[PDB]
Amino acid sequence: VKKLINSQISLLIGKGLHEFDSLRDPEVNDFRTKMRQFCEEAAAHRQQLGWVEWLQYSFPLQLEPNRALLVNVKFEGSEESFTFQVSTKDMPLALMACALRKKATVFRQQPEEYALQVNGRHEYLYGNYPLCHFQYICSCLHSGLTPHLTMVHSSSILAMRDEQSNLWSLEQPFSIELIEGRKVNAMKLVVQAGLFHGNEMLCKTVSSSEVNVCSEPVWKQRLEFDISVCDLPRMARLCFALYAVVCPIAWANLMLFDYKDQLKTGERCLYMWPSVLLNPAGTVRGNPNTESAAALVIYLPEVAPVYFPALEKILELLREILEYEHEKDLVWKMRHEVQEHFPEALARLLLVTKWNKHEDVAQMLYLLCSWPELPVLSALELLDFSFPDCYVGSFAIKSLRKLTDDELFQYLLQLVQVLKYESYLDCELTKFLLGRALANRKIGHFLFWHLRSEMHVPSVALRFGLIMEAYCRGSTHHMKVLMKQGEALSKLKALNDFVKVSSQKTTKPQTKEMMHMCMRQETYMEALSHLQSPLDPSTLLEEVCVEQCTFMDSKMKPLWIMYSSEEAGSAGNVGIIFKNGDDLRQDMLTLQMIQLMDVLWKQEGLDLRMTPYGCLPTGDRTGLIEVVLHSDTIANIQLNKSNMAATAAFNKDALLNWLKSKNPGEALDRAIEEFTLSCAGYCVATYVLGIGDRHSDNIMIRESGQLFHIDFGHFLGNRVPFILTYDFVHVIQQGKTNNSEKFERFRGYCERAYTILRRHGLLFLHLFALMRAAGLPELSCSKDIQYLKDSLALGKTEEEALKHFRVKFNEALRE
């Protein structure tokens, strides 16, 4: 009934729906009701999409950011295949008319009625783009492999669709009364309060009296702030630090206006969070661990039922050098000049805006509502917490709406982290994310896992749980596809626990055949088979190949799980790596950032042949990593074993002999080149990102020659030199001792890659800035972000920045 759906939702999101109701919170109840209706409405929009439109929804196109190729095409019901010779400039439709024509001239006698599906993948070829513009067609073109497509009729596509159906007056100073407190430590106690607007103070901080530490203390003391009530901005938050003195203890935050714009009065009790002192960016909701949390009771005086004013009320109420408070000055009362001729300097203007005086806010807000929509880049900036105003927030979302799904996919990790800055449940960002997720099934997929992966974190468990419930309201079908994934994940965790225990008392071979017998149980085989990969929903994991599964007998004992699809061929031969105990958040950001570099590089005609493999936290220190097959570790290669084709007279030849043995004849030149581009790319990626501890065990190489890094762990120096491994350098130089020709080719690739990224330095700064919200220990300060600015060197000219890169590069061929 409606009871099955709720029950599955509770199971899927890892928090029982009954818990939301137990809260008796009308903000929560109104979110669940408003957002439910919102998502149910998208669902009904979706179930009457035209078949091409539904293809777009469910299998969005994977495009790259003259020549002839061999193609193989069949139909759904058939087993019979045709192999054609088409161009690369040919549209998909051209391909489809060929297929249909030979179907006639084989079965005896309209392209528009079909789409092309990659065999064994939820991925399709359609639209007026030449074949080479397709990522699948491209991967094939570089691996020598032949594309395998299936002609799928609009009437079967329609089947899939249906299958998935379902006030200014108050001029007295702001003051609170600090009543009591409720938990203990070790000395005297102090409560520091601060009115904050984002990260800036609306006035001086105000402390309290000192009382003896034990208790359950009592102040009943009146804290009054240097700020009038009528000047409290909408998004103003009051922040408390509780600590000790002759020693940090707890913090807690509260909005002065509720989620209904009403100014807060009366007494409220604050269940604090443990520290290490004021913490303005911390969540504005209480600690859910009410049992053992210090509690802070305060009283907000009832200054009359005063609402924050409607906007209609609010609206009625040398300089280019800069592109000091003798500089703000001229930005602010030349504000109109900034709207006229510098509409992109909005951020700067909002920053010199004093937010502690209401009639200033109104004049900014008056300019804001007439402000021309801004570029995505600028928009990404405005989402930062340093622009806490809810109207700036809406402007930002509004300027963000022109995000393509690819861009949105690319930035989604950040946007999701920014949810932790939000002051209320119901907000524009969330509505924006659910709207986009419901419009694109891949976005939906990853929005879900980013939220799901943090349900063990109580700061966000409620917000994130609510958001997943709403989404689940929007696609009952995808919810079940997603449960399917989580039943797989649940199994791998129990499997991994077994292997960990087993391997502490048993040889590896015997634990492996033990792992296998466990996988062979009915329960496992069913749960682990026939799902979409959480790493990429267009990858289908069909039959788990048990004999090819194993584990690494290192540390966390990660699992190696292989799959096959008797209908995808070699494209269905795919693996996933499950790891439990390590924190995979660091690696996901790094590999996301490397993916972006790769895109930026490729849009300026530079392909450094990167391997940005999937990496996905799915839970508390739990996740999946994408298996890159036909690759081996440098360390393994460098072992220089006997009886191997790669066996070498000098250790430095090992890497190259291995390459020769995998790439005989004139195949060899291609692999050196791939090695060269990919090494260039990774050297630069790790330098900019400040990723040290790079060694032969966390660098791998593909039989094609491509090199790629793994297990990044940290980034941002937590100052890393550029590095150059002589062993890589001597693959690049083709085995030859000196080879400036081939060494400077590579120097060029490094420089070109470096300068290209430099040109997009603002994008990386904006993205990393928003990631501060994620709570990665490597990404906290301003000196973390300063690290990126120096590795990209944006405080300098392209000419002299290149000169600084050359010295570090040259210092790096030290070895």
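Start at 1 and count along the sequence shown; that's the residue number. Definition used throughout: the rigid core is the maximal C-alpha set that superposes within 1.5 Å between two forms.
Where the structures in 9 other deposited structures of this protein are fitted on the rigid core, 709 to 717 is the one of 557 to 565 and 709 to 717 whose C-alphas sit farther from the shown form on average. Averaged as a root mean square over residues and superposed structures in 9 other deposited structures of this protein, CA distances to the shown form are larger in 71 to 79; the pair compared was 419 to 427 and 71 to 79 with a core fit. In at least a third of the other PDB entries of this protein that model the residues around it, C214 has no coordinates. Missing deposited residues between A310 and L311: none, as the chain runs unbroken there.
The deposited sequence places no unmodelled residues between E566 and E567, so the chain runs continuously there. Averaged over CA atoms, B-factors in the entry run higher in 251 to 259 than in the other of 697 to 705 and 251 to 259. When the two stretches 674 to 682 and 119 to 127 are set side by side, the higher mean Cα temperature factor goes to 119 to 127.
Across the options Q733, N185, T539, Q548, the residue with the most elevated CA B-factor in the record is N185. Remark: of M514, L433, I637, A645, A645 shows the highest value [criterion: C-alpha B-factor in the PDB entry]. Sort the modelled residues of the chain by CA B factor and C750 lands in the lowest third.
For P280, the recorded CA B-factor ranks within the middle third of the chain. Only modelled residues enter the ranking. When all modelled residues of the chain are sorted by CA temperature factor, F225 is found within the highest third. Looking at the C-alpha B-factors along this chain, the one for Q62 belongs to the lowest third. In the PDB entry, a CA B factor belonging to the middle third of its chain's modelled residues is recorded for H153.
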